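As a convention, Cβ positions derive from the backbone with ideal geometry for all residues, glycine included, and neighbour counts pool all protein chains shown. Computed from the coordinates by the stated procedures, all read-outs in this text should not be read as laboratory data.
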Amino acid sequence: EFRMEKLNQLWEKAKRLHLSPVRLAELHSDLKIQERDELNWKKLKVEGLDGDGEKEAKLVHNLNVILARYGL
Amino acid sequence: XXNXX
Amino acid sequence: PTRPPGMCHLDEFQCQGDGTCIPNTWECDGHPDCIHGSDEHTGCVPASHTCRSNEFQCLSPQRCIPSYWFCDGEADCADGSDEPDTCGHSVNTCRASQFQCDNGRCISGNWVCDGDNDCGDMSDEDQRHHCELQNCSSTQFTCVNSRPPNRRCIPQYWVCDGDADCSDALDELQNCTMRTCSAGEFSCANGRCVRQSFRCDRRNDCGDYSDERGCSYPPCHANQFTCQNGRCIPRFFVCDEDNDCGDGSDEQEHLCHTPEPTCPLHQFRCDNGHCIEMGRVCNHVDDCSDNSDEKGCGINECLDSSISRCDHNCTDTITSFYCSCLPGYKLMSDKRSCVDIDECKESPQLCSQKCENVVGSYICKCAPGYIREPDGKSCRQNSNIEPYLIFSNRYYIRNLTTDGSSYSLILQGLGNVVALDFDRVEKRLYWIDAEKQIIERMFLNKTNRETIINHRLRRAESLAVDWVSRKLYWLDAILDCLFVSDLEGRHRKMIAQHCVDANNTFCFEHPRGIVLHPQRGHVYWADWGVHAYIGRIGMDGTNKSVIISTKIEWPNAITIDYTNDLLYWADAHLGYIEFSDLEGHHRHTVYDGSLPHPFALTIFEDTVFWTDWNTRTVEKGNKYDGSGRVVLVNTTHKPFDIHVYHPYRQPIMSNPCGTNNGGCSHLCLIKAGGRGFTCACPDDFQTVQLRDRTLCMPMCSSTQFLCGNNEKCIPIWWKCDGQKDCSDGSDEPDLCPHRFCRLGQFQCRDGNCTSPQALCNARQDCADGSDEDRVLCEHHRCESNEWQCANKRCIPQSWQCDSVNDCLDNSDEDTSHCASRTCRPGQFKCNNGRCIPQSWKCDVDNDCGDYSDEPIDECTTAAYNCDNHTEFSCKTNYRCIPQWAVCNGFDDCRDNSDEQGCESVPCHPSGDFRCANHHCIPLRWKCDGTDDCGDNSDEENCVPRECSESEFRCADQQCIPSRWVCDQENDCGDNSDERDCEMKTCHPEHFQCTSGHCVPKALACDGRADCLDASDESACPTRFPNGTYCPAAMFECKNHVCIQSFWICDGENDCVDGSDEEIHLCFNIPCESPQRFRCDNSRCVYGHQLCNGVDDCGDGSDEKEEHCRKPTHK
Ligand SMILES: *[C@@H]1O[C@H](CO)[C@@H](O[C@@H]2O[C@H](CO)[C@@H](O[C@@H]3O[C@H](CO[C@H]4O[C@H](CO)[C@@H](O)[C@H](O)[C@@H]4O)[C@@H](O)[C@H](O[C@H]4O[C@H](CO)[C@@H](O)[C@H](O)[C@@H]4O)[C@@H]3O)[C@H](O)[C@H]2NC(C)=O)[C@H](O)[C@H]1NC(C)=O
Ligand SMILES: *[C@@H]1O[C@H](CO)[C@@H](O[C@@H]2O[C@H](CO)[C@@H](O[C@@H]3O[C@H](CO[C@H]4O[C@H](CO)[C@@H](O)[C@H](O)[C@@H]4O)[C@@H](O)[C@H](O[C@H]4O[C@H](CO)[C@@H](O)[C@H](O)[C@@H]4O)[C@@H]3O)[C@H](O)[C@H]2NC(C)=O)[C@H](O)[C@H]1NC(C)=O
Ligand SMILES: *[C@@H]1O[C@H](CO)[C@@H](O[C@@H]2O[C@H](CO)[C@@H](O[C@@H]3O[C@H](CO[C@H]4O[C@H](CO)[C@@H](O)[C@H](O)[C@@H]4O)[C@@H](O)[C@H](O[C@H]4O[C@H](CO)[C@@H](O)[C@H](O)[C@@H]4O)[C@@H]3O)[C@H](O)[C@H]2NC(C)=O)[C@H](O)[C@H]1NC(C)=O
Ligand SMILES: *[C@@H]1O[C@H](CO)[C@@H](O[C@@H]2O[C@H](CO)[C@@H](O[C@@H]3O[C@H](CO)[C@@H](O)[C@H](O)[C@@H]3O)[C@H](O)[C@H]2NC(C)=O)[C@H](O)[C@H]1NC(C)=O
Ligand SMILES: *[C@@H]1O[C@H](CO)[C@@H](O[C@@H]2O[C@H](CO)[C@@H](O[C@@H]3O[C@H](CO)[C@@H](O)[C@H](O)[C@@H]3O)[C@H](O)[C@H]2NC(C)=O)[C@H](O)[C@H]1NC(C)=O
Ligand SMILES: *[C@@H]1O[C@H](CO)[C@@H](O[C@@H]2O[C@H](CO)[C@@H](O[C@@H]3O[C@H](CO)[C@@H](O)[C@H](O)[C@@H]3O)[C@H](O)[C@H]2NC(C)=O)[C@H](O)[C@H]1NC(C)=O
Ligand SMILES: *[C@@H]1O[C@H](CO)[C@@H](O[C@@H]2O[C@H](CO)[C@@H](O[C@@H]3O[C@H](CO)[C@@H](O)[C@H](O)[C@@H]3O)[C@H](O)[C@H]2NC(C)=O)[C@H](O)[C@H]1NC(C)=O
Ligand SMILES: *[C@@H]1O[C@H](CO)[C@@H](O)[C@H](O)[C@H]1NC(C)=O
Ligand SMILES: *[C@@H]1O[C@H](CO)[C@@H](O)[C@H](O)[C@H]1NC(C)=O
Ligand SMILES: *[C@H]1O[C@H](CO)[C@H](O)[C@H](O)[C@H]1NC(C)=O
Ligand SMILES: *[C@H]1O[C@H](CO)[C@H](O)[C@H](O)[C@H]1NC(C)=O
Ligand SMILES: *[C@H]1O[C@H](CO)[C@H](O)[C@H](O)[C@H]1NC(C)=O
Ligand SMILES: [Ca+2]
Ligand SMILES: [Ca+2]
Ligand SMILES: [Ca+2]
Ligand SMILES: [Ca+2]
Ligand SMILES: [Ca+2]
Ligand SMILES: [Ca+2]
Ligand SMILES: [Ca+2]
Ligand SMILES: [Ca+2]
Ligand SMILES: [Ca+2]
Ligand SMILES: [Ca+2]
Ligand SMILES: [Ca+2]
Ligand SMILES: [Ca+2]
Ligand SMILES: [Ca+2]
Ligand SMILES: [Ca+2]
Ligand SMILES: [Ca+2]
Ligand SMILES: [Ca+2]
Ligand SMILES: [Ca+2]
Ligand SMILES: [Ca+2]
Ligand SMILES: [Ca+2]
Ligand SMILES: [Ca+2]
Ligand SMILES: [Ca+2]
């Protein structure tokens, strides 16, 4: 399903938390939109085109607040 | 069993 | 000398057509001087301001993208022309800046590792790309005890949290190890707890697998396919090319098969693979994929020179060709060329005796001593000696003709003859008596019977006699070994033990059946253990190998025909007779699973003879196809080890050890391959190999005695007794003490007697304790099936590390030993230290105690699938059981799966008897006298069976062996077998007491009263010179009976005369109140008979309460 290993890990562990389906579904929609965000981060990282690294803070803090918001 | 002696 | 029967001297050559002998110089000369040219065989000698030049223009988001971004696998700026028609699709690979990963995408290096789907199909981390063992930085922890398909690295955000993460859930243990857990959650062995719903399921929730161990899974739903390991999967998942349950039960060749439609006649399908009518072909209509039916209209394609290169012959059809090959030639996979058939290997049954391959056809020939009958293929034996069968019942060795016309007893009265073999050189016969555990031999004219082996024969199974090197080979099923000895029974040597294959998968567990092939120096044997096989070893103990290991469950029988050199064996469970080459290749079934229970087979000419246990019949038939099956005889007892007696079944061969014992000191054994020979030493000898000879240095334990000539060494209790055992005679020296005990029994230094097992068992048993003496027990050694504690007491090899104090000083259970020891080859080792059979691994049952033998993750993989030829797979778990355990009346699958629906199970048509319940039992178990069906349906409606020659009939009409008649004890349950003996003569070499009963003669005039009336001692000459019959230590009853001195007047009527209980002797015997106290009639009553309620002495003083109640509770 998800591209990255870490999103899959969060997805199995979210199911291990037996969270409510509406909360659990909103988790993936926030992570799947982050999936497209991380992909452009990663492309600009290996190619080195992200000379300022602006795309890293905005998904790191988003993941942190995602963990806090949804009860993880 | 059935194969012993 | 003369000429061998029906053969010729090696100095000459045998004609095939008439069996006449001519010199070899007339062979291979080119002139067919024989009757049919058999001498001359052919085998002889012959806008633009919004973007920049570095970026590709896009419309809607007002973006501009680099030139290498587009046409990589996705539309970077949502451009519909990005992928399809902007770059060449495959004019080039995606170049070095993006490493190759699939054709439609490419990968820029590190992505082959991280675990993110960067090639579009996860194939970035495929094969052996990268990331063999991932690492964890700060705020991360590694799941070290894990495999690729679970996890290896997790953050501290999940260590000692509320939910297990790693494979073994070590993240929650760490140093945390909390206490609080209540009844609201299931409790695991390691201490962690989980919700009750997470018990007995498909997930490893607790890490320790405690939530799964011991569970009993209910069966799956109707829409749920079940795998062999017990995992339920949706039936939609079946045959989707994904291993949905690990073991691959849902992804296998024939379950996921869609056989193509037959369309046998008409219905001419075209080459694209769909069936269409025959008339549509070349109907000028393109109804098939690509002109499959229209070649314009077809013609033969072989007509042009070497097109398709049909090697032998060609033929055409409406739209194709097909080459063909002449008989004796087969086409190979290229569909154009032909190769020669090796009919001697591909189709052995064409020639009756021997085959020679020719390019094209084949020629059949006969071994020397056989002539080919005018049919061109069937050889006939030329000797004027007619063969006859020799097979063994439990009590008899019986003589039966090949056609079954005659039937007579060779011998009778034996205990249990389980095997036999013959020697044509001395016209002698050998057999194993399993009841007496001895090996005997006698001439075929029924004289000079003798016993050659009688010691350390725990359980012998089968024997074979080597006519060339004069060696005797036999198998032991308890020691799991193959022994060797000369025909006289000396120089015993172990030549095989443990396992055979390099993987130690096939090991000696249940040896049975043996056949020698001295021409190539090989011994073939069979084992019907869990991993049944047919092994092979050289006659000298080299070249261990496995011949047959597949489609074999119960190989009771094995033999070689010596004329075709084919190996023959039979399976009792699968019920077949199947033959193969000497190397195990090119197997062919004679009987396809139709035989009830064969035990031994043998070959002669064209006929196989086998003994059947279930029908108790001897049967014969053709050796190649089984036609002409005929029942020869049918007996009351089971038949064992049939043999065809004929000199052609032991072909003449030169002896490598000829007339010199090969120069070997003790044993000369034929080398593997037959050409050479190898010197060997017996069991208790050390092979100190020298420069040009082998030294057999004696090496015998402190409980053994070395004979005078160093010819052998024998147990220490065999020294100083009645019989001379050594050849030198040092067994019985002049300075030999008196022998107080019987044969085969250790004698104490003070005259007491004890069994040999009492020697060096750390429990002193002799009066002096001499059985545990330091000099005797210093170098004690025991059998290969036992392990010796440092206490120097021997226990069975499987009694180690079982939390049971089998030895006195816990040396078997010592933790240091239980961690460093190995298991013997073929056995599995537990973390507990237990050694268990390899079959016990992954069978649900907790055998190690620590569940080390049941790793649930590994036991459910494809590596432990049941052998579908012989084993039945349990429904609700991964256990496999043999097919013969199915609905036998016992829970073998631990979920009662094998006992479900036995009504649908049909019995074998002839060998079984259906019970009242739907179980099938062997027919030999009908009316046997014991309930075997579980409901007494086999023994109901029965009639007693008639007695045989060696049996005697009781009043209850039940037959017993005649040896039990008049032996002082009743066996019929009443007075029947001792009804009268006074006017009856009894089996020879037996002494008849005056009361009519008779005992073995060796028990006469030996002190002990072995007759009931002591008549075996009442008339004997004076044992000692000065007139005495007993040594002083023993007492002498007036009827000449010897008696231990301390038995004097102990209350037991020990002398049958009664001289033991004279009051004048009784009064003066020393006594002690706790053991022997005086009754007021001057009789020292035994202390155990006080307050017993019985008048052991005639005034009741032994029952008076005053001195046998408890004064201080005593
Ligand atoms: C049942 O069948 C068996 C087997 O056929 C018979 O046993 C054979 O009996 C014959 C006699 O009829 C034996 O022949 C004699 O062999 C001697 C040499 O071998 C024996 O002695 C050596 C000594 O070490 C042993 O190792 C060996 O095992 C043998 O015991 C010869 O020296 C004898 O020669 C003498 O007699 C012949 C004529 O018979 C004369 O020409 C000679 O000059 C000389 O006087 C003799 O040839 C034969 O050896 C036996 N076989 C075996 C294996 O021992 C049984 O006799 C037979 N029983 C019955 C009752 O039918
Ligand atoms: C195994 O078989 C042996 C056979 O010996 C039994 O062991 C002891 O056997 C002796 C037989 O003599 C028992 O009786 C003992 O006799 C000794 C000899 O008597 C001396 O004195 C007389 C006096 O006229 C002389 O004529 C004679 O020549 C001797 O000089 C006594 O000396 C013994 O008493 C002493 O030794 C025993 C242990 O041997 C002690 O128990 C006594 O307290 C005392 O010190 C004795 O009278 C003797 O009883 C047998 N032993 C025991 C313990 O009973 C074994 O009994 C038998 N196995 C078992 C298990 O019973
Ligand atoms: C008719 O014939 C029998 C024998 O044919 C006689 O029985 C013998 O009687 C004598 C005298 O009692 C016995 O000799 C004594 O044996 C004692 C026990 O030793 C036994 O065990 C050892 C070791 O295994 C054997 O070597 C030995 O043979 C015995 O089996 C010894 O201990 C005696 O020596 C003791 O006394 C002397 C002094 O006399 C001391 O100096 C020694 O140190 C020692 O303490 C003695 O050797 C003989 O063993 C008996 N033999 C049998 C077979 O029983 C009958 O007595 C005889 N009948 C009549 C009426 O005379
Ligand atoms: C299939 O093709 C093969 C290969 O040609 C055919 O074998 C050939 O068959 C012919 C006719 O039987 C044989 O010819 C005969 O040869 C002898 C000499 O040996 C000659 O005296 C006869 O007059 C005759 O010509 C030929 O030997 C044989 N070829 C070989 C090398 O074996 C076969 O007949 C074809 N089969 C069919 C059914 O088409
Ligand atoms: C098992 O049974 C077979 C068949 O009954 C026995 O074969 C018989 O063997 C004896 C001894 O070789 C033969 O006796 C001989 O007969 C001839 C002719 O009458 C006589 O001149 C000889 O002096 C001798 O007495 C007998 O003919 C032969 N029978 C057959 C059918 O071949 C065999 O001996 C038995 N085996 C055992 C171990 O008892
Ligand atoms: C005892 O018998 C076993 C089972 O037949 C033998 O195990 C064999 O071990 C080799 C090497 O581990 C396996 O080859 C492996 O194949 C995989 C691909 O499937 C590859 O990725 C590995 O690099 C390796 O080449 C082989 O599959 C396996 N046998 C079978 C038929 O599965 C073992 O060799 C025997 N004795 C020993 C030395 O333990
Ligand atoms: C010692 O043990 C080995 C294993 O049992 C024996 O080797 C086996 O010998 C047979 C007969 O020579 C071989 O069969 C032949 O193999 C060749 C190909 O090498 C093939 O062209 C023939 O048609 C035939 O199948 C068998 O393969 C071979 N097995 C192996 C792998 O060793 C050896 O003969 C034994 N030595 C003795 C004489 O004790
Ligand atoms: C086997 O038993 C049958 C009866 O069931 C009998 O007719 C036959 O003669 C026996 N076989 C022989 C030839 O001994
Ligand atoms: C199962 O048996 C078939 C024959 O019916 C055989 O071809 C196949 O190899 C066997 N498969 C297994 C699991 O051994
Ligand atoms: C002649 O020699 C052959 C060799 O196989 C046999 O021993 C045969 O028994 C002999 N014949 C006689 C009559 O002694
Ligand atoms: C006595 O005769 C019976 C019947 O004939 C048995 O054969 C028994 O074996 C005989 N024993 C003796 C000692 O002659
Ligand atoms: C008893 O037999 C012994 C054995 O040595 C003596 O020969 C003795 O003479 C025999 N007779 C008597 C009366 O003892
Ligand atoms: Ca010739
Ligand atoms: Ca692109
Ligand atoms: Ca990746
Ligand atoms: Ca956790
Ligand atoms: Ca679970
Ligand atoms: Ca599947
Ligand atoms: Ca067509
Ligand atoms: Ca051929
Ligand atoms: Ca065994
Ligand atoms: Ca098996
Ligand atoms: Ca069977
Ligand atoms: Ca002896
Ligand atoms: Ca003891
Ligand atoms: Ca133990
Ligand atoms: Ca187990
Ligand atoms: Ca069962
Ligand atoms: Ca029964
Ligand atoms: Ca009796
Ligand atoms: Ca006696
Ligand atoms: Ca007594
Ligand atoms: Ca009493």
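Looking across the stretch C:579-599, just one residue is more than 16 Å from C:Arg629 (Cα to Cα) and within 14 Å of chain B (Cβ to nearest Cβ), and that is C:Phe599. Annotation note: Cβ proximity below 9 Å between a residue of the stretch C:612-637 that is within 14 Å of another protein chain (Cβ to nearest Cβ) and within 15 Å of C:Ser352 (Cα to Cα) and a residue that is more than 16 Å from ligand 22 (Cβ to nearest atom) and outside any loop (DSSP other than H, G, I, E, B) (sequence gap 6+ or interchain) occurs for no pair.
Being under 19 Å from C:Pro598 (Cα atoms) and either within 14 Å of ligand 23 (Cβ to nearest atom) or crowded, with 19+ Cβ neighbours inside 10 Å (or both): is that true of C:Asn564 here? Spelling it out, it is not the case that C:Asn564 is under 19 Å from C:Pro598 (Cα atoms) and either within 14 Å of ligand 23 (Cβ to nearest atom) or crowded, with 19+ Cβ neighbours inside 10 Å (or both).
Before we move on, is C:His455 surrounded by fewer than 20 Cβ atoms within 10 Å (Cβ to Cβ) and not in a strand (DSSP E or B)?
Details: surrounded by fewer than 20 Cβ atoms within 10 Å (Cβ to Cβ): yes; not in a strand (DSSP E or B): yes.
When the stated conditions are applied, C:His455 passes them.
Take the residues in the stretch C:105-114 that are at the interface with chain A (Cβ under 9 Å from one of its Cβ atoms) and surrounded by fewer than 20 Cβ atoms within 10 Å (Cβ to Cβ), then tell me which one is farthest from the chain's Cα centre (by Cα). Restricting to residues being at the interface with chain A (Cβ under 9 Å from one of its Cβ atoms) and surrounded by fewer than 20 Cβ atoms within 10 Å (Cβ to Cβ), the top hit is C:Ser108. Keeping to the stretch C:408-431, report how many residues are within 16 Å of ligand 8 (Cβ to nearest atom) and surrounded by 15 or more Cβ atoms within 10 Å (Cβ to Cβ). Residues meeting the conditions: 1.
Per-residue answers, yes or no, for (1) out of contact with any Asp or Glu (no Cβ under 9 Å at 6 or more places or on another chain); (2) of a type in the set (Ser, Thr, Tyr); (3) assigned to a strand (DSSP E or B); (4) within 16 Å of ligand 4 (Cβ to nearest atom):
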residue	(1), (2), (3), (4)
C:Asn877	no, no, no, no
C:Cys927	no, no, no, no
C:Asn936	yes, no, no, no
C:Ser948	yes, yes, no, no
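Selection over the stretch C:133-192 of residues that are of a type outside the set (D, E, K, R), assigned to a loop (DSSP other than H, G, I, E, B) and more than 18 Å from A:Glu12 (Cα to Cα) gives a count of 24. Quick one: is C:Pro756 away from ligand 31 (no atom under 16 Å from the Cβ), touching a helix residue (DSSP H, G or I) at 6+ places or on another chain (Cβ under 8 Å) and under 17 Å from C:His780 (Cα atoms)? For C:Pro756, the condition - away from ligand 31 (no atom under 16 Å from the Cβ), touching a helix residue (DSSP H, G or I) at 6+ places or on another chain (Cβ under 8 Å) and under 17 Å from C:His780 (Cα atoms) - is met.
It is to be established whether one or more residues within the stretch C:971-984 are out of contact with any strand residue (DSSP E or B) (no Cβ under 9 Å at 6 or more places or on another chain) and more than 16 Å from ligand 30 (Cβ to nearest atom). Yes, because at least one residue in the stretch C:971-984 is out of contact with any strand residue (DSSP E or B) (no Cβ under 9 Å at 6 or more places or on another chain) and more than 16 Å from ligand 30 (Cβ to nearest atom).
Assess whether C:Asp11 counts as being away from chain A (no Cβ under 12 Å), under 53 Å from the mean Cα position of the chain (by Cα) and surrounded by fewer than 14 Cβ atoms within 10 Å (Cβ to Cβ). Spell out how you get there, then give the answer.
Details: away from chain A (no Cβ under 12 Å): yes; under 53 Å from the mean Cα position of the chain (by Cα): yes; surrounded by fewer than 14 Cβ atoms within 10 Å (Cβ to Cβ): yes.
Considered against the rule, which asks whether it is away from chain A (no Cβ under 12 Å), under 53 Å from the mean Cα position of the chain (by Cα) and surrounded by fewer than 14 Cβ atoms within 10 Å (Cβ to Cβ), C:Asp11 comes out as yes.
Among strands (runs of 3 or more DSSP E) entirely within the stretch C:712-797, having at least 1 residues that are among the polar types (S, T, N, Q) and within 36 Å of the chain's Cα centre (by Cα) singles out C:786-788. Within the stretch C:840-872, being over 17 Å from C:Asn229 (Cβ atoms), surrounded by 16 or more Cβ atoms within 10 Å (Cβ to Cβ) and within 23 Å of the chain's Cα centre (by Cα) holds for C:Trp840, C:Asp847, C:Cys848, C:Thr870.
Listed by position, the strands (runs of 3 or more DSSP E) contained in the stretch C:374-442 that have at least 2 residues being under 20 Å from C:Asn634 (Cβ atoms) are C:388-392, C:397-401, C:407-411, C:417-423.
Looking only at residues of the stretch C:524-538 that are assigned to a strand (DSSP E or B) and of a type in the set (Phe, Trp, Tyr), we find that the one that is farthest from ligand 12 (Cβ to nearest atom) is C:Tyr533.
Condition check ((1) facing chain C (nearest Cβ under 10 Å); (2) surrounded by 11 or more Cβ atoms within 10 Å (Cβ to Cβ)) across all residues:
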site	(1), (2)
A:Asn8	yes, yes
A:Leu24	no, yes
A:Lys43	yes, yes
A:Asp52	no, no
A:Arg69	no, yes
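Residues of the stretch C:335-342 include none that is among the hydrophobic types (A, V, I, L, M, F, W, C) and within 23 Å of C:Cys263 (Cα to Cα).
Can you name the residue in the stretch C:906-941 that is under 19 Å from C:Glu871 (Cα atoms) and surrounded by 12 or more Cβ atoms within 10 Å (Cβ to Cβ) and, of all such residues, is farthest from ligand 18 (Cβ to nearest atom)?
Here the residue is C:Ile921.
Restricting attention to the stretch C:14-54, the residues being polar (S, T, N, Q), surrounded by 14 or more Cβ atoms within 10 Å (Cβ to Cβ) and in a helix (DSSP H, G or I) number 1. Each residue in the stretch C:539-578 was checked for being within 19 Å of C:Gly911 (Cβ to Cβ), assigned to a loop (DSSP other than H, G, I, E, B) and away from every other protein chain (no Cβ under 14 Å), and 1 pass. For the stretch C:139-146, the criterion of being touching an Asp or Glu at 6+ places or on another chain (Cβ under 7 Å), among the polar types (S, T, N, Q) and more than 14 Å from every other protein chain (Cβ to nearest Cβ) is met by at least one residue.
Screening C:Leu472, C:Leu479 for residues that are crowded, with 23+ Cβ neighbours inside 10 Å and either acidic (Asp, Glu) or more than 26 Å from C:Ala885 (Cα to Cα) (or both) leaves exactly one candidate, C:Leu472.
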